[PDB]
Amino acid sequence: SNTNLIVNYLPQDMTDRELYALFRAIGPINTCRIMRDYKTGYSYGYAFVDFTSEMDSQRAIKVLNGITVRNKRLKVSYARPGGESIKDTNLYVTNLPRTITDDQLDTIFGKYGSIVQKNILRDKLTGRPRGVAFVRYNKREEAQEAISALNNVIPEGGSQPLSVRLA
């Protein structure tokens, strides 16, 4: 947790030119990479921004986090050290009680490790949960643990066995 940031939810048509102007506005930028699939060069939808000062980095988070750019809302946060340990940490859960909430998810899945991002898919019309959700842990061991502890078991408040697998 220092100067390196990971920018998420970037519109596909965002150029390095844009990333720069946007983040440069906070303080001097060391580097700005958009991360796109080699060959086709299509944005993986995220980027890293290495500021020069730990202070500038922090402030970027405070100001740019959540700002809307065209169709998306950016999500700026400190990058976690890479590695094999961050691998296979995204979970695809289904058969979740339809009365589920972000706080229950936290209770159920938060004991096995530290959640980095979670999303309860909701019906666009009703706004009610569809029973699906994506939970992304910090370490690869937490997801594995989460999986074996919750797969095929009935969650509290529900009458149906959860389904937890790697996305």
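One-based numbering along the sequence shown.
Look at the C-alpha B-factors of 69 to 77 and of 88 to 96. On average they run higher in 69 to 77.
Of the two segments examined, 41 to 49 and 113 to 121, it is 41 to 49 that shows the higher average Cα temperature factor in the deposited entry. Across 140, 130, 59, 136, the greatest Cα temperature factor reported in the deposited entry is at 59. Taking only the listed residues 154, 149, 10, 19, the entry reports the highest CA temperature factor at 154.
Ranked by C-alpha B-factor against the other modelled residues of its chain, residue 29 falls in the highest third. Among the modelled residues of its chain, residue 163 has a C-alpha B-factor that falls in the lowest third according to the deposited record. Among the modelled residues of its chain, residue 108 has a C-alpha B-factor that falls in the lowest third, as given in the PDB entry.
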